[PDB]
Every structure is written in C-alpha cells, then in structure tokens.
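Engineer: pasting the sequence and an experimental structure:
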Amino acid sequence: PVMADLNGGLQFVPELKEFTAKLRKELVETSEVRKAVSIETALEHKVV
Amino acid sequence: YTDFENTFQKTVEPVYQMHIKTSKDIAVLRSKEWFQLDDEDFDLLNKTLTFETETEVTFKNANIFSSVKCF
Amino acid sequence: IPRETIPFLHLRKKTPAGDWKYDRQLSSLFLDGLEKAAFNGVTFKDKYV
C-alpha cells in the first residue's frame, strides 16, 4: 500500500493553523480599515 | 441683510464621547488630519475619548460657510 | 537511564514537523513521578475522577 503526499510542502510550515489565522486576520483588518477610511473620507468630502 | 462678510458664529459644540473598541476605530481616527495627538504612539485601544470642540464659522452666504474652523 | 536508549515507559514530545518522538525531559519527569509513587505512594486527595 502506498501513501502519496500531495501536500505541496504545507506540512513544513510551523503552526500552520496560527499562520493561516494571522493571514486571514491581516487581510480582513486591511480590508475593513480601508473600507472604513474610504467611507469616512467620502462622508467628510460630501459634508464639506 | 446680505452682509455675510461681517457675519461670524462661534459655537461651543456639545461634548462628544467615543469608545475605541477596535483597531478600525484607531485607523479611522488617524486618517483624520484634524485629529492630532501630542503622543503619536498613544495607545487608543480600549479607551474612551472625549472631544470638547468649538466651531468658528465665517459665512460666505446664507448656506455656505466662507471658512470653518473647529478646535 | 542509559544514554541513547528508549525506556519501556516514556513520554513523547511533538516535534515541529508534527510527529511525536521520545523526549528525555518528559520521560525523566514521568519516571521520577513513578519512583515517587512506588516508594512514598501517590495521593489523589481532592481529585474527582
């Protein structure tokens, strides 16, 4: 019986769960911060 | 009267309270030029900010201010 | 314990690669606990099992 590993080297990363969580958190925080800043800049521009 | 060049208005705005719950709030505040801090590295997270602003507006016409200052 | 050996009872440690290997430190702690239990006896007061 054979065990083919088609994992793409994903096992070699330390704490893959934490790394993946931090990637998602970084992308999410960037998206929300950019969206909020754009909305507030738009509201300030419209008010002015 | 249409002599808006001689009109001005100084108003003590009501005190405003803002609870900084997340880093999104901090980013929004730092995106504002008017929002300035003596200590730029001040940790605003989990902190309540109170704003006591006064607005001085000089009028260009009935609707549009000729100049707006808020300090 | 002899050098470069695996005791019959040991504790393993998970390596960064994700696989469990014999660990001298944890195994020593467990064997020392076993010796204390064998000689002095081990209490389980206030232990709800």
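Structural biologist: Yes, it's here. Numbering: from 1, shown residues only, chains lettered A, B, ... in the order given.

Engineer: roughly how far apart are the residue of chain B found nearest chain C and residue B:59?
Structural biologist: Closest approach between chain B and chain C, counting by Cβ to the nearest Cβ: residue B:23, at 30.5 Å. All C-beta spots, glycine's among them, are computed from the backbone N, C-alpha and C. For residue B:23, the distance to residue B:59 equals 39 Å [Cβ to Cβ, to the nearest Å].

Engineer: who's more crowded, the two?
Structural biologist: Counted by other Cβ atoms under 10 Å in any protein chain shown, residue B:23 and residue B:59 do not tie: residue B:59 has more neighbours, with 18 against 13.

Engineer: what sits against the more buried one?
Structural biologist: By Cβ atoms under 8 Å, 6 or more residues apart in numbering or on different chains, the contact set of residue B:59 is B:4, B:7-9, B:65-66.

Engineer: quick one, phi psi at it?
Structural biologist: Dihedral angles of residue B:59 (phi, psi; degrees, to the nearest 10) stand at phi -90, psi 140.

Engineer: so which of the contacts of residue B:59 wins on neighbours?
Structural biologist: Counting by other Cβ under 10 Å, top hit in those: residue B:65 with 17 neighbours.

Engineer: now do the SS call for residue B:26.
Structural biologist: helix (DSSP: H, G, I helix; E, B strand; the rest coil).

Engineer: same question for residue A:4.
Structural biologist: Secondary structure, three-state DSSP: residue A:4 is coil.

Engineer: what about it, how many neighbours?
Structural biologist: Neighbours of residue A:4 under the rule other Cβ under 10 Å: 5.

Engineer: swap in residue A:33?
Structural biologist: Residues lying near residue A:33 (other Cβ under 10 Å) number 19.

Engineer: pretty sure it contacts residue B:23?
Structural biologist: Yes: contact between residue A:33 and residue B:23 holds when scored by Cβ atoms under 8 Å: they sit 7.2 Å apart.

Engineer: check which helix or strand the residue lying closest to residue A:13 once chain neighbours are set aside maps to.
Structural biologist: Of all residues beyond its chain neighbours, the one nearest residue A:13 is residue A:19 (5.9 Å), with distances taken as Cβ to Cβ, 6 or more residues apart in numbering or on different chains. Here residue A:19 sits within helix A:16-47, counting by DSSP states H and E.

Engineer: that helix: which residues count as buried?
Structural biologist: A:33, A:36-37 (16 or more other Cβ atoms under 10 Å in any protein chain shown).

Engineer: cool, and stretch B:19-31?
Structural biologist: B:20, B:24-28.
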